[PDB]
Amino acid sequence: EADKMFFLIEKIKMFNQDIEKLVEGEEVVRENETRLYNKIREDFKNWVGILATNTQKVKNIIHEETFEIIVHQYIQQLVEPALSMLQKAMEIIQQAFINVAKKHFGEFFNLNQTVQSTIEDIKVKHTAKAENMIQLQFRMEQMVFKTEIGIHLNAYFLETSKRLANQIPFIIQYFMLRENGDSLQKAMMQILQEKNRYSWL
Amino acid sequence: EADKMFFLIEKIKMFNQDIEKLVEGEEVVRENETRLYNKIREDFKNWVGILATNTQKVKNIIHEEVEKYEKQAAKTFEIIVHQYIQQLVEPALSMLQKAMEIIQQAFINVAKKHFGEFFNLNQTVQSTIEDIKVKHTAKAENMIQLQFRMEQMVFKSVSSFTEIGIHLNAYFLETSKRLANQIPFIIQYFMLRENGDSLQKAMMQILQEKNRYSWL
């Protein structure tokens with residue numbers, strides 16, 4: 001009956017709460033530290049800048065002067081920046097979740113340890129999901145492609161950059177923030193399944 | 001040499017080619033019949049139209065709200081945006097259903113044309129076309145649902161109504177323009193490109209089993 005040890009549940013529930021605050025950008029910070037969303041937007045803004053650069057690049061190219069090759073190239077030149085953006089956001093968020101773990105579970109080494117390993121596992125799953133969605137987007141962007149005409153083309157790329165500017169970051173927030181936070185909270189709850197581990201936690 | 005039935009190698013080569021032409025919009029038609037790409041574009045244009053209407057509608061709704069609250073001062077919006085987005089799922093999925101029908105009929109007409117004489121062959125090919133159709137429609141539908149989930153979730157102290165109004169306007173602008181291409185992209189990728197490719201791969205896989213050539 002010493003298993004009032006289910007009262008670790010309160011710990012988890014508190015931790016989970018903090019996680020959800022991070023997911024909704026309603027976290028609580030010092031005067032000497034930045035928000036999560038702001039680090040993330042810094043990353044996304046770098047992306048938009050890159051996009052703008054490459055779009056200016058092909059605009060200048062065609063202003064100087066099959067068609068598809070140029071599109072293929074344009075996108076291939078975006079694969080590295082996009083995935084690099086994914087990686088930087090993952091790191092920011094994983095660091096965030098870990099600081100929540102350190103704070104709530106610092107005293108219980110075993111629990112803190114297993115929680116952090118859970119955090120990593122779920123991170124790699126959702127990173128896989130995000131990368132697959134992004135690659136799918138570029139694939140779609142290429143395949144689905146098919147007298148002063150040039151303007152239309154510029155306009156095309158323009159719309160395209162502006163689409164990608166939000167579409168890739170959405171995919172990244174969805175999987176690395178929302179779906180990640182959700183899976184994490186669920187896994188945190190599912191930890192309690194096997195009961196012979198409570199004393200050890 | 002009675003097995004000159006390796007002329008299947010040609011049939012498929014040609015059939016497959018024709019299919020790919022449909023995918024690349026370079027099909028060949030009479031003067032009194034229209035291309036596939038255009039039949040599809042009409043559907044997409046209808047979608048963009050629906051988008052434009054619904055988006056002007058919530059723009060007006062939230063402008064009225066912001067005015068109301070500004071006037072009083074001298075979740076409500078999340079609900080409205082959520083509603084706005086759920087209202088697009090049905091038109092989006094209906095557009096998918098309408099395009100599946102168009103493309104399926106197109107692919108069947110190519111099979112009838114190339115395989116009309118060989119009833120067994122035509123039959124198994126049409127069944128194949130159906131199989132690949134339902135699988136790829138499943139994929140497309142999942143992607144569309146995923147896009148809208150994503151749009152809902154990613155949509156989500158001191159504020160001002162002036163700023164909320166600005167932000168929301170910018171949002172509706174960008175979102176409508178995105179969804180305008182994004183839903184048709186999914187439909188083309190899955191119902192045209194991946195569908196056509198899957199079909200050609202299957203036809204290639206037919207040349208493998210030779211003890212069945214006779215039956216064709």
# chains A, B, ... in the order shown; residues from 1 in each chain; ligands from 1
$ select_by_dssp --residues "segment 24-191 of chain A" --states "alpha helix (DSSP H)" --output "number ranges by chain"
A: 24, 36-64, 68-105, 109-143, 150-173, 180-190
$ interface_residues --of "chain A" --to "chain B" --cutoff "10 Å" --atoms "only C-alpha atoms" --output "PDB file with N, CA and C atoms, in the first residue's frame"
ATOM      1  N   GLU A  24       2.352  26.404 -26.612  1.00  0.00           N
ATOM      2  CA  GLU A  24       1.444  27.488 -26.981  1.00  0.00           C
ATOM      3  C   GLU A  24       2.088  28.867 -26.934  1.00  0.00           C
ATOM      4  N   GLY A  25       3.397  28.912 -26.671  1.00  0.00           N
ATOM      5  CA  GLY A  25       4.163  30.150 -26.636  1.00  0.00           C
ATOM      6  C   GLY A  25       3.831  31.028 -25.445  1.00  0.00           C
ATOM      7  N   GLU A  26       3.075  30.470 -24.501  1.00  0.00           N
ATOM      8  CA  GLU A  26       2.662  31.199 -23.308  1.00  0.00           C
ATOM      9  C   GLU A  26       3.530  30.832 -22.092  1.00  0.00           C
ATOM     10  N   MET A 133       7.581  15.218 -44.642  1.00  0.00           N
ATOM     11  CA  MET A 133       6.647  16.229 -45.159  1.00  0.00           C
ATOM     12  C   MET A 133       7.307  17.302 -46.009  1.00  0.00           C
ATOM     13  N   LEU A 136       8.355  15.839 -49.270  1.00  0.00           N
ATOM     14  CA  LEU A 136       7.119  15.692 -50.029  1.00  0.00           C
ATOM     15  C   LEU A 136       6.717  17.016 -50.659  1.00  0.00           C
ATOM     16  N   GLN A 137       6.835  18.093 -49.896  1.00  0.00           N
ATOM     17  CA  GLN A 137       6.514  19.410 -50.417  1.00  0.00           C
ATOM     18  C   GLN A 137       7.393  19.761 -51.595  1.00  0.00           C
ATOM     19  N   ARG A 139       9.001  17.807 -53.630  1.00  0.00           N
ATOM     20  CA  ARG A 139       8.673  16.872 -54.682  1.00  0.00           C
ATOM     21  C   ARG A 139       7.466  17.431 -55.418  1.00  0.00           C
ATOM     22  N   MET A 140       6.411  17.699 -54.660  1.00  0.00           N
ATOM     23  CA  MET A 140       5.167  18.266 -55.167  1.00  0.00           C
ATOM     24  C   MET A 140       5.455  19.550 -55.958  1.00  0.00           C
ATOM     25  N   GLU A 141       6.261  20.423 -55.384  1.00  0.00           N
ATOM     26  CA  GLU A 141       6.611  21.699 -55.984  1.00  0.00           C
ATOM     27  C   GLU A 141       7.283  21.552 -57.355  1.00  0.00           C
ATOM     28  N   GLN A 142       8.081  20.499 -57.537  1.00  0.00           N
ATOM     29  CA  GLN A 142       8.721  20.200 -58.840  1.00  0.00           C
ATOM     30  C   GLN A 142       7.801  19.498 -59.846  1.00  0.00           C
ATOM     31  N   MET A 143       7.232  18.356 -59.456  1.00  0.00           N
ATOM     32  CA  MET A 143       6.431  17.533 -60.370  1.00  0.00           C
ATOM     33  C   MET A 143       5.263  18.347 -60.857  1.00  0.00           C
ATOM     34  N   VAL A 144       4.510  18.815 -59.887  1.00  0.00           N
ATOM     35  CA  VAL A 144       3.257  19.517 -60.132  1.00  0.00           C
ATOM     36  C   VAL A 144       3.471  20.844 -60.934  1.00  0.00           C
ATOM     37  N   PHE A 145       4.723  21.112 -61.311  1.00  0.00           N
ATOM     38  CA  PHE A 145       5.079  22.339 -62.028  1.00  0.00           C
ATOM     39  C   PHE A 145       4.396  22.604 -63.381  1.00  0.00           C
ATOM     40  N   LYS A 146       4.480  21.651 -64.304  1.00  0.00           N
ATOM     41  CA  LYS A 146       3.868  21.803 -65.619  1.00  0.00           C
ATOM     42  C   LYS A 146       2.561  22.584 -65.531  1.00  0.00           C
ATOM     43  N   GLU A 159       5.166  33.891 -55.970  1.00  0.00           N
ATOM     44  CA  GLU A 159       4.136  33.252 -55.164  1.00  0.00           C
ATOM     45  C   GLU A 159       4.737  32.056 -54.479  1.00  0.00           C
ATOM     46  N   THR A 160       5.516  31.307 -55.247  1.00  0.00           N
ATOM     47  CA  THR A 160       6.129  30.110 -54.723  1.00  0.00           C
ATOM     48  C   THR A 160       6.990  30.406 -53.509  1.00  0.00           C
ATOM     49  N   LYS A 162       6.795  32.909 -51.480  1.00  0.00           N
ATOM     50  CA  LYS A 162       5.891  33.307 -50.416  1.00  0.00           C
ATOM     51  C   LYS A 162       5.119  32.118 -49.836  1.00  0.00           C
ATOM     52  N   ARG A 163       4.838  31.102 -50.657  1.00  0.00           N
ATOM     53  CA  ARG A 163       4.139  29.908 -50.169  1.00  0.00           C
ATOM     54  C   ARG A 163       5.113  29.138 -49.267  1.00  0.00           C
ATOM     55  N   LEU A 164       6.288  28.844 -49.817  1.00  0.00           N
ATOM     56  CA  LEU A 164       7.287  28.088 -49.094  1.00  0.00           C
ATOM     57  C   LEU A 164       7.662  28.794 -47.790  1.00  0.00           C
ATOM     58  N   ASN A 166       5.938  30.190 -45.650  1.00  0.00           N
ATOM     59  CA  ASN A 166       5.142  29.775 -44.501  1.00  0.00           C
ATOM     60  C   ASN A 166       5.026  28.258 -44.434  1.00  0.00           C
ATOM     61  N   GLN A 167       4.980  27.608 -45.591  1.00  0.00           N
ATOM     62  CA  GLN A 167       4.612  26.189 -45.605  1.00  0.00           C
ATOM     63  C   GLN A 167       5.645  25.316 -44.916  1.00  0.00           C
ATOM     64  N   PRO A 169       7.999  26.313 -42.535  1.00  0.00           N
ATOM     65  CA  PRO A 169       7.833  26.508 -41.089  1.00  0.00           C
ATOM     66  C   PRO A 169       6.562  25.928 -40.456  1.00  0.00           C
ATOM     67  N   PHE A 170       5.416  25.917 -41.127  1.00  0.00           N
ATOM     68  CA  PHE A 170       4.235  25.296 -40.529  1.00  0.00           C
ATOM     69  C   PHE A 170       4.546  23.832 -40.219  1.00  0.00           C
ATOM     70  N   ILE A 171       5.060  23.122 -41.221  1.00  0.00           N
ATOM     71  CA  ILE A 171       5.388  21.708 -41.077  1.00  0.00           C
ATOM     72  C   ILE A 171       6.289  21.492 -39.867  1.00  0.00           C
ATOM     73  N   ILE A 172       7.277  22.365 -39.723  1.00  0.00           N
ATOM     74  CA  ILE A 172       8.188  22.293 -38.598  1.00  0.00           C
ATOM     75  C   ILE A 172       7.511  22.572 -37.240  1.00  0.00           C
ATOM     76  N   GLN A 173       6.674  23.608 -37.145  1.00  0.00           N
ATOM     77  CA  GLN A 173       5.924  23.825 -35.888  1.00  0.00           C
ATOM     78  C   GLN A 173       4.985  22.666 -35.623  1.00  0.00           C
ATOM     79  N   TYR A 174       4.273  22.211 -36.652  1.00  0.00           N
ATOM     80  CA  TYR A 174       3.281  21.176 -36.428  1.00  0.00           C
ATOM     81  C   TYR A 174       3.915  19.941 -35.804  1.00  0.00           C
ATOM     82  N   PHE A 175       4.979  19.452 -36.424  1.00  0.00           N
ATOM     83  CA  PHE A 175       5.564  18.209 -35.964  1.00  0.00           C
ATOM     84  C   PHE A 175       6.501  18.392 -34.781  1.00  0.00           C
ATOM     85  N   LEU A 177       6.744  20.905 -32.671  1.00  0.00           N
ATOM     86  CA  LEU A 177       6.181  21.588 -31.518  1.00  0.00           C
ATOM     87  C   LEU A 177       4.873  20.933 -31.080  1.00  0.00           C
ATOM     88  N   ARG A 178       3.808  21.082 -31.862  1.00  0.00           N
ATOM     89  CA  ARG A 178       2.516  20.517 -31.475  1.00  0.00           C
ATOM     90  C   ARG A 178       2.515  18.985 -31.345  1.00  0.00           C
ATOM     91  N   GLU A 179       2.805  18.264 -32.432  1.00  0.00           N
ATOM     92  CA  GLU A 179       2.741  16.801 -32.358  1.00  0.00           C
ATOM     93  C   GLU A 179       3.754  16.198 -31.360  1.00  0.00           C
TER      94      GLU A 179
END
$ atom_distance --atom1 "atom CA of residue 95 of chain B" --atom2 "atom CA of residue 43 of chain B"
6.7 Å
$ residues_around --residues "segment 39-47 of chain A" --least-positions-apart "3" --cutoff "9 Å" --atoms "only C-alpha atoms" --output "mmCIF file with N, CA, C and O atoms, in the first residue's frame"
data_model
loop_
_atom_site.group_PDB
_atom_site.id
_atom_site.type_symbol
_atom_site.label_atom_id
_atom_site.label_comp_id
_atom_site.auth_asym_id
_atom_site.auth_seq_id
_atom_site.Cartn_x
_atom_site.Cartn_y
_atom_site.Cartn_z
ATOM 1 N N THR A 34 15.237 34.765 -23.498
ATOM 2 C CA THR A 34 14.299 34.984 -24.584
ATOM 3 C C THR A 34 13.220 33.922 -24.618
ATOM 4 O O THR A 34 13.357 32.842 -24.038
ATOM 5 N N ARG A 35 12.134 34.237 -25.301
ATOM 6 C CA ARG A 35 11.088 33.262 -25.486
ATOM 7 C C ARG A 35 11.509 32.181 -26.481
ATOM 8 O O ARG A 35 12.495 32.327 -27.213
ATOM 9 N N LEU A 36 10.737 31.101 -26.515
ATOM 10 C CA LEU A 36 10.992 30.012 -27.438
ATOM 11 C C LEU A 36 10.644 30.456 -28.851
ATOM 12 O O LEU A 36 11.492 30.423 -29.766
ATOM 13 N N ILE A 50 16.799 33.649 -46.975
ATOM 14 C CA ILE A 50 17.435 32.767 -47.953
ATOM 15 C C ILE A 50 16.596 32.621 -49.218
ATOM 16 O O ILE A 50 17.099 32.749 -50.342
ATOM 17 N N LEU A 51 15.317 32.333 -49.012
ATOM 18 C CA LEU A 51 14.331 32.256 -50.071
ATOM 19 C C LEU A 51 14.395 33.527 -50.927
ATOM 20 O O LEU A 51 14.527 33.457 -52.151
ATOM 21 N N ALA A 52 14.337 34.687 -50.276
ATOM 22 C CA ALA A 52 14.347 35.964 -50.981
ATOM 23 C C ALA A 52 15.617 36.116 -51.818
ATOM 24 O O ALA A 52 15.568 36.560 -52.963
ATOM 25 N N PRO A 81 19.143 24.564 -46.873
ATOM 26 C CA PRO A 81 18.603 25.553 -45.930
ATOM 27 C C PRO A 81 17.368 25.087 -45.167
ATOM 28 O O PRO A 81 17.234 25.400 -43.960
ATOM 29 N N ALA A 82 16.496 24.337 -45.842
ATOM 30 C CA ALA A 82 15.228 23.949 -45.223
ATOM 31 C C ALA A 82 15.499 22.944 -44.134
ATOM 32 O O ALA A 82 15.009 23.080 -43.028
ATOM 33 N N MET A 85 17.233 24.470 -41.292
ATOM 34 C CA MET A 85 16.230 25.114 -40.455
ATOM 35 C C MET A 85 15.528 24.136 -39.545
ATOM 36 O O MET A 85 15.330 24.441 -38.369
ATOM 37 N N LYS A 88 17.796 23.299 -36.667
ATOM 38 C CA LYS A 88 18.048 24.292 -35.647
ATOM 39 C C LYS A 88 16.823 24.407 -34.732
ATOM 40 O O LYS A 88 16.965 24.556 -33.515
ATOM 41 N N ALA A 89 15.629 24.258 -35.295
ATOM 42 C CA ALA A 89 14.403 24.343 -34.496
ATOM 43 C C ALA A 89 14.276 23.148 -33.569
ATOM 44 O O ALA A 89 13.789 23.282 -32.456
ATOM 45 N N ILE A 92 16.609 23.869 -30.560
ATOM 46 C CA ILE A 92 16.016 24.872 -29.689
ATOM 47 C C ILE A 92 14.924 24.250 -28.815
ATOM 48 O O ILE A 92 14.964 24.374 -27.593
ATOM 49 N N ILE A 93 13.975 23.559 -29.438
ATOM 50 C CA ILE A 93 12.877 22.902 -28.725
ATOM 51 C C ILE A 93 13.355 21.767 -27.800
ATOM 52 O O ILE A 93 12.854 21.602 -26.688
ATOM 53 N N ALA A 165 7.754 30.125 -47.846
ATOM 54 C CA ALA A 165 8.052 30.926 -46.667
ATOM 55 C C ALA A 165 7.199 30.559 -45.442
ATOM 56 O O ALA A 165 7.687 30.601 -44.310
ATOM 57 N N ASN A 166 5.938 30.190 -45.650
ATOM 58 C CA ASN A 166 5.142 29.775 -44.501
ATOM 59 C C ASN A 166 5.026 28.258 -44.434
ATOM 60 O O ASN A 166 5.005 27.675 -43.346
ATOM 61 N N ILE A 168 6.925 25.592 -45.140
ATOM 62 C CA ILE A 168 7.949 24.779 -44.489
ATOM 63 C C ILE A 168 7.976 25.035 -42.964
ATOM 64 O O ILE A 168 7.966 24.091 -42.176
ATOM 65 N N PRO A 169 7.999 26.313 -42.535
ATOM 66 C CA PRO A 169 7.833 26.508 -41.089
ATOM 67 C C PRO A 169 6.562 25.928 -40.456
ATOM 68 O O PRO A 169 6.662 25.493 -39.321
#
$ residues_around --residues "segment 200-213 of chain B" --least-positions-apart "6" --cutoff "9 Å" --atoms "only C-alpha atoms" --output "count of residues only"
14
$ closest_residue --among "B:129, B:87, B:80, B:72" --to "residue 54 of chain B" --atoms "only C-alpha atoms"
B:87
$ closest_residue --among "B:117, B:65, B:197, B:70" --to "residue 168 of chain B" --atoms "only C-alpha atoms"
B:65
$ residues_around --residues "residue 94 of chain B" --least-positions-apart "4" --cutoff "12 Å" --atoms "only C-alpha atoms" --output "list in words"
residues 43, 44, 46, 47, 50, 88, 89, 90, 98, 99, 100, 101, 137, 140, 141, 144, 183, 184 and 187 of chain B
$ residues_around --residues "segment 124-128 of chain A" --least-positions-apart "3" --cutoff "8 Å" --atoms "only C-alpha atoms" --output "VMD selection string"
chain A and resid 86 90 120 to 121 131 to 132 175 to 176 179 to 180
$ residues_around --residues "segment 107-109 of chain B" --least-positions-apart "2" --cutoff "8 Å" --atoms "only C-alpha atoms" --output "MDAnalysis selection string"
chainID B and resid 19 103:105 111:113 126 129
$ write_last_selection --atoms "N, CA, C and O atoms" --output "compact mmCIF listing (two decimals), in the first residue's frame"
# COMPACT_ATOMS: atom_id res chain seq x y z
N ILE B 19 -0.33 7.08 -71.17
CA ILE B 19 -0.67 7.46 -69.80
C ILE B 19 0.18 8.63 -69.37
O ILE B 19 -0.35 9.64 -68.91
N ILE B 103 -10.12 11.75 -63.86
CA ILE B 103 -8.92 10.99 -64.17
C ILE B 103 -9.19 9.50 -64.37
O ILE B 103 -8.62 8.88 -65.26
N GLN B 104 -10.08 8.94 -63.56
CA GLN B 104 -10.37 7.51 -63.68
C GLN B 104 -10.97 7.24 -65.05
O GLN B 104 -10.61 6.27 -65.70
N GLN B 105 -11.86 8.13 -65.49
CA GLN B 105 -12.50 7.94 -66.77
C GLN B 105 -11.45 8.07 -67.87
O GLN B 105 -11.44 7.28 -68.83
N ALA B 111 -7.24 2.48 -71.62
CA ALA B 111 -7.20 1.03 -71.56
C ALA B 111 -8.13 0.42 -72.59
O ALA B 111 -7.76 -0.55 -73.24
N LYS B 112 -9.34 0.97 -72.71
CA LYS B 112 -10.29 0.46 -73.69
C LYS B 112 -9.69 0.55 -75.08
O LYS B 112 -9.76 -0.39 -75.86
N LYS B 113 -9.06 1.69 -75.36
CA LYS B 113 -8.46 1.95 -76.66
C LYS B 113 -7.34 0.96 -77.00
O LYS B 113 -7.25 0.45 -78.12
N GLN B 126 -8.23 -2.89 -65.99
CA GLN B 126 -9.20 -1.99 -65.39
C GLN B 126 -9.31 -2.22 -63.88
O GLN B 126 -9.45 -1.27 -63.11
N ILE B 129 -6.28 -0.49 -62.38
CA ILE B 129 -6.56 0.93 -62.38
C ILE B 129 -7.44 1.31 -61.19
O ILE B 129 -7.15 2.30 -60.51
$ atom_distance --atom1 "atom CA of residue 162 of chain B" --atom2 "atom CA of residue 37 of chain A"
22.1 Å
$ decode --residues "segment 16-47 of chain B" --atoms "C-alpha atoms" --output "compact mmCIF listing (two decimals), in the first residue's frame"
# COMPACT_ATOMS: atom_id res chain seq x y z
CA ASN B 16 2.38 3.53 -70.70
CA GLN B 17 3.53 6.33 -73.00
CA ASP B 18 -0.06 7.47 -73.57
CA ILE B 19 -0.67 7.46 -69.80
CA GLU B 20 2.39 9.58 -69.15
CA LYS B 21 1.18 12.01 -71.83
CA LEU B 22 -2.08 12.43 -69.84
CA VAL B 23 0.04 13.14 -66.77
CA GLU B 24 2.14 15.69 -68.66
CA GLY B 25 -0.92 17.29 -70.30
CA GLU B 26 0.40 16.40 -73.75
CA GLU B 27 -2.39 13.98 -74.65
CA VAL B 28 -3.85 13.97 -78.12
CA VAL B 29 -7.51 14.68 -78.69
CA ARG B 30 -10.13 15.42 -81.36
CA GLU B 31 -11.21 18.98 -82.15
CA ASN B 32 -14.47 18.31 -80.30
CA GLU B 33 -13.04 17.10 -77.00
CA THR B 34 -10.93 18.80 -74.36
CA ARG B 35 -7.64 17.94 -72.66
CA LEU B 36 -7.39 16.37 -69.19
CA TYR B 37 -5.31 19.21 -67.74
CA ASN B 38 -8.01 21.66 -68.68
CA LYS B 39 -10.89 19.55 -67.38
CA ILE B 40 -8.99 19.51 -64.09
CA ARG B 41 -8.05 23.21 -64.12
CA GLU B 42 -11.74 24.09 -64.34
CA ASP B 43 -12.27 22.20 -61.08
CA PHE B 44 -9.29 23.94 -59.48
CA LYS B 45 -10.59 27.36 -60.61
CA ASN B 46 -13.88 26.53 -58.95
CA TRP B 47 -11.90 25.79 -55.74
